[PDB]
Amino acid sequence: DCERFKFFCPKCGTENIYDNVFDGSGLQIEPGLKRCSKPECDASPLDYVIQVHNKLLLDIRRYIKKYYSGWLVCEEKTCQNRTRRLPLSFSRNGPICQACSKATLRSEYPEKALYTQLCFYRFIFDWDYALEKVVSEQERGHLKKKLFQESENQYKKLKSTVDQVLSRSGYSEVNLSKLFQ
Amino acid sequence: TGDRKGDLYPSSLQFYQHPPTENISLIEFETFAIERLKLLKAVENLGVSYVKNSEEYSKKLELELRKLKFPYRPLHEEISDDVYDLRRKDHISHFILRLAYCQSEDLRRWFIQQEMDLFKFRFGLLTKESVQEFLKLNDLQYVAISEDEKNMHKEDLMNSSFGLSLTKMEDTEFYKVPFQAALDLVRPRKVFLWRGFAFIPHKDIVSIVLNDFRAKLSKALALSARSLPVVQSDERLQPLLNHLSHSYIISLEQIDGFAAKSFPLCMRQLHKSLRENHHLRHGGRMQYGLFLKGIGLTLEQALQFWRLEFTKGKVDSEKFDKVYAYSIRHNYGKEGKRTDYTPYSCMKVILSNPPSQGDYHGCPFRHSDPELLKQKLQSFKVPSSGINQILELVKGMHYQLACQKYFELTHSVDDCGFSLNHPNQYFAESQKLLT
DNA sequence: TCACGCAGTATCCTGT
RNA sequence: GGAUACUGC
Ligand code: SF4
Ligand SMILES: [Mg+2]
Ligand SMILES: [Zn+2]
Ligand SMILES: [Zn+2]
């Protein structure tokens, strides 16, 4: 349910959808940001990594704004009341919808949604995880050589941004004392 | 001991008694959880594939431990920072997996088994010095009799245990038990008694250690299952812990097919009614359950089939386990007198409870009017000559011969070649002919 | 010579 | 399908 990373090529202007670190199969597999999605386009998005960084930050801002908008929808199908205002009148399950007074208001974009979106943006830039889990054996061998070290470094830098953002999220510390007692 | 270390991790092996108190990151949490899941799955696979004492088992387990960077070998150097890190990993990961593997008894058992295996391996890699260190740090106080006391009673121990050699005895360690627990040993005088304690023999020491470990671990898992509500509220850790066990790191469906060809007409009628209405009166339930037991449907398989079929009948799911589970178990000799009840014989079916309105059990050839039997035979595309012959046989009161004629016509065989006297015999013959 | 009605939940068994 | 219990209203 997470939005994929959309980046418009500076040269051709075609949208590139990124959902994994690597694209292709077998020896034809390469990092997604190595070649444009348009065959006629020779531009490498890895060249415009500053632009990719800026777009990533803008997307993170967009998702944080969506979360903090605090939109609530009534869970009742026959009400579906949409409000920004959280009422202080609560039932055992949560805020009581003030349109029908009989159903609970649920967040349109809960904290889990934002956390999963940030985790996905980290996932689409996790070189090591992709190599271990996603990639196959022959593909892993082909990707664990030189000719990709620069791409690996750029991917590490891009993942650093999402890691930094997630480090500032309360949904980034686990108190083991509270778990084990 | 670089920055924030301590004496919290003296030895490599531990009983995992004290929960961690640190504040870790979500990334560290996930990495540790997945890594230990990989380790435990590797342990399980190697245990299935190889004998745990085999050298291949040891080599592969060492390779996995090295790959995932878990403590497996001692180091007579000191507590190096890296070593500390590894031990910390182990300690936290274990408890995380506890949180993952305490929801269901099955899971609990699995966890315990894997953990025990790992512990055994690690013990097997401990030098005697290290071994003693461990046995001291956990207040196990095995010198379990001391070595000095063993030498003190060497001759008595030698003459106590049957078939124990001098050197082999030197290689063995005994235990001290109150004589009230060794009744079966003391009574025939096969264990030495000194001052109210028997010296019972067990390579074996690991066994005792493991016993202790297992006890503790089981208790811990119980407690964890008791403290589950506090964790379910933490959404961050719910997707992981609730699904870690499912983390990537005869069939019921064919029964319908069988009903096309192999099932005798009685079972065909019962199955048709069941799929038409998702409910059978008691006689039909008994007959069909016994038949499906006969074909080979296991208790789990039969339970699943009946659950799925009845749930569609607009009844509560719990109602099935409340009511029909006992009947299904009994048909397989699981409860009550616990008798492996045999499938109904054709004689029983003919002479069993007579079906009435709303029922579909019994032998159709006997409990179906001739017009109804003719219609049913026509429906199955039987040749007119075959239908007439079957009707003639039915009029002769030899319904078993009628079923034999049905088998001959449907299987395209001139002669059945067998005296049909059991529906399971019918199904077996059909399977033999087809497969 | 006897003995109130009905609605509902829980447990257990089906060889000669 | 049956059998044995005892709650409620
Ligand atoms: S003769 Fe036996 S197998 Fe054939 S329909 Fe009757 S009961 Fe079933
Ligand atoms: Mg009933
Ligand atoms: Zn392009
Ligand atoms: Zn509402």
# chains A, B, ... in the order shown; residues from 1 in each chain; ligands from 1
call {"tool": "residues_around", "arguments": {"residues": "range 166-180 of chain A", "least_positions_apart": "2", "cutoff": "10 Å", "atoms": "only C-alpha atoms (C1' of nucleotides)", "output": "PDB file with N, CA and C atoms, in the first residue's frame"}}
result
ATOM      1  N   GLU A 111      -0.149   6.416  11.906  1.00  0.00           N
ATOM      2  CA  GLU A 111       1.300   6.425  12.100  1.00  0.00           C
ATOM      3  C   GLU A 111       1.956   5.232  11.420  1.00  0.00           C
ATOM      4  N   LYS A 112       1.294   4.077  11.442  1.00  0.00           N
ATOM      5  CA  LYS A 112       1.856   2.901  10.791  1.00  0.00           C
ATOM      6  C   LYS A 112       2.034   3.133   9.299  1.00  0.00           C
ATOM      7  N   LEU A 114       2.726   5.996   7.717  1.00  0.00           N
ATOM      8  CA  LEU A 114       3.920   6.806   7.498  1.00  0.00           C
ATOM      9  C   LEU A 114       5.184   6.011   7.785  1.00  0.00           C
ATOM     10  N   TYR A 115       5.173   5.223   8.858  1.00  0.00           N
ATOM     11  CA  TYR A 115       6.336   4.409   9.185  1.00  0.00           C
ATOM     12  C   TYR A 115       6.641   3.424   8.067  1.00  0.00           C
ATOM     13  N   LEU A 118       8.188   5.274   5.048  1.00  0.00           N
ATOM     14  CA  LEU A 118       9.606   5.561   5.235  1.00  0.00           C
ATOM     15  C   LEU A 118      10.435   4.284   5.161  1.00  0.00           C
ATOM     16  N   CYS A 119       9.925   3.189   5.727  1.00  0.00           N
ATOM     17  CA  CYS A 119      10.629   1.918   5.638  1.00  0.00           C
ATOM     18  C   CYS A 119      10.746   1.450   4.195  1.00  0.00           C
ATOM     19  N   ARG A 122      13.431   3.382   2.520  1.00  0.00           N
ATOM     20  CA  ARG A 122      14.706   2.783   2.906  1.00  0.00           C
ATOM     21  C   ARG A 122      14.954   1.479   2.160  1.00  0.00           C
ATOM     22  N   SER A 160      21.091   6.834   3.555  1.00  0.00           N
ATOM     23  CA  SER A 160      21.406   7.604   4.752  1.00  0.00           C
ATOM     24  C   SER A 160      20.341   8.650   5.036  1.00  0.00           C
ATOM     25  N   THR A 161      19.747   9.233   3.995  1.00  0.00           N
ATOM     26  CA  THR A 161      18.715  10.245   4.201  1.00  0.00           C
ATOM     27  C   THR A 161      17.490   9.651   4.887  1.00  0.00           C
ATOM     28  N   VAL A 162      16.998   8.528   4.371  1.00  0.00           N
ATOM     29  CA  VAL A 162      15.823   7.903   4.963  1.00  0.00           C
ATOM     30  C   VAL A 162      16.140   7.389   6.359  1.00  0.00           C
ATOM     31  N   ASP A 163      17.360   6.892   6.563  1.00  0.00           N
ATOM     32  CA  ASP A 163      17.761   6.468   7.898  1.00  0.00           C
ATOM     33  C   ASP A 163      17.764   7.638   8.867  1.00  0.00           C
ATOM     34  N   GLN A 164      18.267   8.789   8.428  1.00  0.00           N
ATOM     35  CA  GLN A 164      18.261   9.971   9.277  1.00  0.00           C
ATOM     36  C   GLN A 164      16.842  10.362   9.643  1.00  0.00           C
TER      37      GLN A 164
ATOM     38  N   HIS B  18      18.303 -13.431  32.729  1.00  0.00           N
ATOM     39  CA  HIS B  18      18.004 -12.039  33.018  1.00  0.00           C
ATOM     40  C   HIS B  18      17.656 -11.293  31.741  1.00  0.00           C
ATOM     41  N   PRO B  19      16.453 -10.731  31.626  1.00  0.00           N
ATOM     42  CA  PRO B  19      16.100 -10.015  30.405  1.00  0.00           C
ATOM     43  C   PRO B  19      16.983  -8.800  30.206  1.00  0.00           C
ATOM     44  N   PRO B  20      17.183  -8.379  28.961  1.00  0.00           N
ATOM     45  CA  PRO B  20      17.940  -7.150  28.719  1.00  0.00           C
ATOM     46  C   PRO B  20      17.174  -5.925  29.188  1.00  0.00           C
ATOM     47  N   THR B  21      17.926  -4.890  29.551  1.00  0.00           N
ATOM     48  CA  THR B  21      17.356  -3.651  30.057  1.00  0.00           C
ATOM     49  C   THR B  21      17.708  -2.447  29.198  1.00  0.00           C
ATOM     50  N   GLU B  22      18.410  -2.645  28.092  1.00  0.00           N
ATOM     51  CA  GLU B  22      18.901  -1.549  27.281  1.00  0.00           C
ATOM     52  C   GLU B  22      17.782  -0.953  26.431  1.00  0.00           C
ATOM     53  N   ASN B  23      18.080   0.198  25.840  1.00  0.00           N
ATOM     54  CA  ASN B  23      17.231   0.834  24.841  1.00  0.00           C
ATOM     55  C   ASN B  23      17.926   0.653  23.498  1.00  0.00           C
ATOM     56  N   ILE B  24      17.346  -0.167  22.627  1.00  0.00           N
ATOM     57  CA  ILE B  24      17.924  -0.437  21.319  1.00  0.00           C
ATOM     58  C   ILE B  24      17.075   0.241  20.251  1.00  0.00           C
ATOM     59  N   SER B  25      17.608   0.285  19.037  1.00  0.00           N
ATOM     60  CA  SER B  25      16.910   0.880  17.913  1.00  0.00           C
ATOM     61  C   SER B  25      16.015  -0.146  17.232  1.00  0.00           C
ATOM     62  N   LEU B  26      15.041   0.361  16.475  1.00  0.00           N
ATOM     63  CA  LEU B  26      14.148  -0.522  15.737  1.00  0.00           C
ATOM     64  C   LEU B  26      14.911  -1.324  14.689  1.00  0.00           C
ATOM     65  N   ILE B  27      15.886  -0.695  14.037  1.00  0.00           N
ATOM     66  CA  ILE B  27      16.696  -1.393  13.045  1.00  0.00           C
ATOM     67  C   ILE B  27      17.477  -2.524  13.700  1.00  0.00           C
ATOM     68  N   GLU B  28      18.085  -2.251  14.857  1.00  0.00           N
ATOM     69  CA  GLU B  28      18.810  -3.292  15.574  1.00  0.00           C
ATOM     70  C   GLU B  28      17.871  -4.414  15.991  1.00  0.00           C
ATOM     71  N   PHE B  29      16.683  -4.054  16.473  1.00  0.00           N
ATOM     72  CA  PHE B  29      15.682  -5.046  16.847  1.00  0.00           C
ATOM     73  C   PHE B  29      15.397  -5.989  15.686  1.00  0.00           C
ATOM     74  N   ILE B  92      20.092 -10.442  23.320  1.00  0.00           N
ATOM     75  CA  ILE B  92      18.885  -9.699  22.969  1.00  0.00           C
ATOM     76  C   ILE B  92      18.037 -10.506  21.995  1.00  0.00           C
ATOM     77  N   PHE B  95      15.737 -13.204  23.509  1.00  0.00           N
ATOM     78  CA  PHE B  95      14.514 -12.739  24.149  1.00  0.00           C
ATOM     79  C   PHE B  95      13.519 -12.219  23.119  1.00  0.00           C
ATOM     80  N   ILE B  96      14.014 -11.566  22.067  1.00  0.00           N
ATOM     81  CA  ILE B  96      13.111 -11.113  21.014  1.00  0.00           C
ATOM     82  C   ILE B  96      12.357 -12.308  20.446  1.00  0.00           C
ATOM     83  N   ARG B  98      11.810 -15.089  21.899  1.00  0.00           N
ATOM     84  CA  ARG B  98      10.860 -15.516  22.918  1.00  0.00           C
ATOM     85  C   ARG B  98       9.545 -14.796  22.720  1.00  0.00           C
ATOM     86  N   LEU B  99       9.609 -13.475  22.583  1.00  0.00           N
ATOM     87  CA  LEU B  99       8.395 -12.718  22.314  1.00  0.00           C
ATOM     88  C   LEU B  99       7.715 -13.210  21.042  1.00  0.00           C
ATOM     89  N   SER B 224       6.158 -15.479  29.332  1.00  0.00           N
ATOM     90  CA  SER B 224       6.075 -14.568  28.199  1.00  0.00           C
ATOM     91  C   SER B 224       4.680 -14.600  27.601  1.00  0.00           C
ATOM     92  N   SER B 227       2.515 -12.453  29.424  1.00  0.00           N
ATOM     93  CA  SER B 227       2.778 -11.022  29.326  1.00  0.00           C
ATOM     94  C   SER B 227       2.650 -10.516  27.892  1.00  0.00           C
ATOM     95  N   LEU B 228       1.777 -11.140  27.101  1.00  0.00           N
ATOM     96  CA  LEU B 228       1.610 -10.809  25.690  1.00  0.00           C
ATOM     97  C   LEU B 228       0.800  -9.540  25.455  1.00  0.00           C
ATOM     98  N   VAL B 230       0.784  -6.718  26.749  1.00  0.00           N
ATOM     99  CA  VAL B 230       1.560  -5.485  26.809  1.00  0.00           C
ATOM    100  C   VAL B 230       2.299  -5.205  25.508  1.00  0.00           C
ATOM    101  N   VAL B 231       2.528  -6.218  24.680  1.00  0.00           N
ATOM    102  CA  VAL B 231       3.355  -6.054  23.491  1.00  0.00           C
ATOM    103  C   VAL B 231       2.488  -5.850  22.257  1.00  0.00           C
ATOM    104  N   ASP B 234       2.036  -2.440  20.673  1.00  0.00           N
ATOM    105  CA  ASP B 234       3.145  -1.769  19.996  1.00  0.00           C
ATOM    106  C   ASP B 234       3.125  -2.181  18.530  1.00  0.00           C
ATOM    107  N   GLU B 235       2.415  -1.398  17.719  1.00  0.00           N
ATOM    108  CA  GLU B 235       2.269  -1.724  16.306  1.00  0.00           C
ATOM    109  C   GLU B 235       3.615  -1.980  15.640  1.00  0.00           C
ATOM    110  N   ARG B 236       4.635  -1.194  15.986  1.00  0.00           N
ATOM    111  CA  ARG B 236       5.933  -1.348  15.340  1.00  0.00           C
ATOM    112  C   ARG B 236       6.404  -2.795  15.361  1.00  0.00           C
ATOM    113  N   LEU B 237       6.222  -3.475  16.488  1.00  0.00           N
ATOM    114  CA  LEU B 237       6.721  -4.826  16.673  1.00  0.00           C
ATOM    115  C   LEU B 237       5.667  -5.892  16.415  1.00  0.00           C
TER     116      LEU B 237
END
call {"tool": "residues_near_ligand", "arguments": {"ligand": "ligand 4", "cutoff": "6 Å", "atoms": "only C-alpha atoms (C1' of nucleotides) and all ligand atoms", "output": "PyMOL selection string"}}
result
chain A and resi 74+76+79-81+97+99-100+103
call {"tool": "residues_near_ligand", "arguments": {"ligand": "ligand 1", "cutoff": "9 Å", "atoms": "only C-alpha atoms (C1' of nucleotides) and all ligand atoms", "output": "PyMOL selection string"}}
result
chain B and resi 263-268+344-350+361-367+398-404+406-407+420-427
call {"tool": "atom_distance", "arguments": {"atom1": "CA of residue 189 in chain B", "atom2": "CA of residue 162 in chain B"}}
result
10.4 Å
call {"tool": "residues_near_ligand", "arguments": {"ligand": "ligand 2", "cutoff": "9 Å", "atoms": "only C-alpha atoms (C1' of nucleotides) and all ligand atoms", "output": "list in words"}}
result
residues 281, 282 and 323 of chain B; 1 of chain D
call {"tool": "write_last_selection", "arguments": {"atoms": "N, CA, C and O atoms (P, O5', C5', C4', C3', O3' and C1' of nucleotides)", "output": "PDB file, in the first residue's frame"}}
result
ATOM      1  N   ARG B 281     -27.698 -35.405   8.198  1.00  0.00           N
ATOM      2  CA  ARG B 281     -28.240 -35.989   9.411  1.00  0.00           C
ATOM      3  C   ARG B 281     -27.253 -37.014   9.970  1.00  0.00           C
ATOM      4  O   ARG B 281     -26.255 -37.364   9.337  1.00  0.00           O
ATOM      5  N   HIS B 282     -27.542 -37.497  11.179  1.00  0.00           N
ATOM      6  CA  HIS B 282     -26.547 -38.265  11.920  1.00  0.00           C
ATOM      7  C   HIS B 282     -26.087 -39.488  11.137  1.00  0.00           C
ATOM      8  O   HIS B 282     -24.885 -39.776  11.064  1.00  0.00           O
ATOM      9  N   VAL B 323     -19.216 -29.469  19.055  1.00  0.00           N
ATOM     10  CA  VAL B 323     -20.121 -30.607  18.880  1.00  0.00           C
ATOM     11  C   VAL B 323     -19.477 -31.725  18.057  1.00  0.00           C
ATOM     12  O   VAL B 323     -19.270 -32.832  18.556  1.00  0.00           O
TER      13      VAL B 323
ATOM     14  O5'   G D   1     -30.453 -36.257  15.634  1.00  0.00           O
ATOM     15  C5'   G D   1     -31.440 -37.234  15.310  1.00  0.00           C
ATOM     16  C4'   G D   1     -30.946 -38.613  15.740  1.00  0.00           C
ATOM     17  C3'   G D   1     -30.895 -38.693  17.266  1.00  0.00           C
ATOM     18  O3'   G D   1     -32.174 -39.035  17.798  1.00  0.00           O
ATOM     19  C1'   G D   1     -28.865 -39.559  16.315  1.00  0.00           C
TER      20        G D   1
END
call {"tool": "residues_near_ligand", "arguments": {"ligand": "ligand 3", "cutoff": "12 Å", "atoms": "only C-alpha atoms (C1' of nucleotides) and all ligand atoms", "output": "PyMOL selection string"}}
result
chain A and resi 7-17+33-48
call {"tool": "residues_around", "arguments": {"residues": "residue 93 in chain A", "least_positions_apart": "3", "cutoff": "10 Å", "atoms": "only C-alpha atoms (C1' of nucleotides)", "output": "compact mmCIF listing (two decimals) with N, CA and C atoms, in the first residue's frame"}}
result
# COMPACT_ATOMS: atom_id res chain seq x y z
N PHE A 90 -14.86 10.68 23.61
CA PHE A 90 -14.28 9.39 23.24
C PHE A 90 -15.12 8.25 23.78
N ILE A 96 -15.45 9.66 19.07
CA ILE A 96 -16.82 9.42 18.63
C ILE A 96 -17.16 10.41 17.52
N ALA A 103 -20.33 6.01 15.92
CA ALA A 103 -19.23 5.28 15.32
C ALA A 103 -17.92 6.00 15.62
N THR A 104 -16.82 5.28 15.45
CA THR A 104 -15.51 5.78 15.80
C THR A 104 -14.83 6.42 14.60
N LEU A 105 -14.08 7.47 14.87
CA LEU A 105 -13.28 8.14 13.86
C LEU A 105 -11.91 7.49 13.79
N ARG A 106 -11.50 7.09 12.59
CA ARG A 106 -10.22 6.46 12.36
C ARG A 106 -9.34 7.39 11.54
call {"tool": "interface_residues", "arguments": {"of": "chain B", "to": "chain D", "cutoff": "12 Å", "atoms": "only C-alpha atoms (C1' of nucleotides)", "output": "ChimeraX atom specification"}}
result
/B:280-286,327,353,355,359
call {"tool": "select_by_dssp", "arguments": {"residues": "chain A", "states": "strand (DSSP E or B)", "output": "ChimeraX atom specification"}}
result
/A:5-8,15-18,22-23,30-31,72-74,82-83,90,95-96,104-107,173-175
call {"tool": "atom_distance", "arguments": {"atom1": "CA of residue 221 in chain B", "atom2": "CA of residue 93 in chain B"}}
result
14.6 Å
call {"tool": "select_by_dssp", "arguments": {"residues": "range 86-227 of chain B", "states": "helix (DSSP H, G or I)", "output": "MDAnalysis selection string"}}
result
chainID B and resid 86:100 105:124 128:137 147:152 154:160 166:170 183:186 205:226
call {"tool": "residues_around", "arguments": {"residues": "residue 29 in chain A", "least_positions_apart": "5", "cutoff": "9 Å", "atoms": "only C-alpha atoms (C1' of nucleotides)", "output": "PyMOL selection string"}}
result
chain A and resi 22-24+139+142-143
call {"tool": "write_last_selection", "arguments": {"atoms": "C-alpha atoms", "output": "short mmCIF file (atom, residue, chain, number, x, y, z; two decimals), in the first residue's frame"}}
result
data_model
loop_
_atom_site.label_atom_id
_atom_site.label_comp_id
_atom_site.auth_asym_id
_atom_site.auth_seq_id
_atom_site.Cartn_x
_atom_site.Cartn_y
_atom_site.Cartn_z
CA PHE A 22 17.74 -3.78 -8.59
CA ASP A 23 15.94 -4.12 -11.92
CA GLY A 24 16.15 -7.02 -14.36
CA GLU A 139 22.62 -12.25 -9.79
CA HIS A 142 27.21 -10.49 -10.84
CA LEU A 143 26.34 -7.58 -8.54
#
call {"tool": "atom_distance", "arguments": {"atom1": "CA of residue 38 in chain B", "atom2": "CA of residue 68 in chain B"}}
result
8.2 Å
call {"tool": "closest_atom_pairs", "arguments": {"of": "chain B", "to": "chain C", "cutoff": "9 Å", "atoms": "only C-alpha atoms (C1' of nucleotides)", "output": "CSV"}}
result
residue,atom,partner,partner_atom,distance
B:326,CA,C:12,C1',8.7
B:327,CA,C:13,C1',8.8
B:330,CA,C:13,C1',8.6
B:331,CA,C:14,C1',8.9
B:336,CA,C:13,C1',6.7
B:337,CA,C:13,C1',8.6
B:339,CA,C:15,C1',8.8
B:341,CA,C:15,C1',7.8
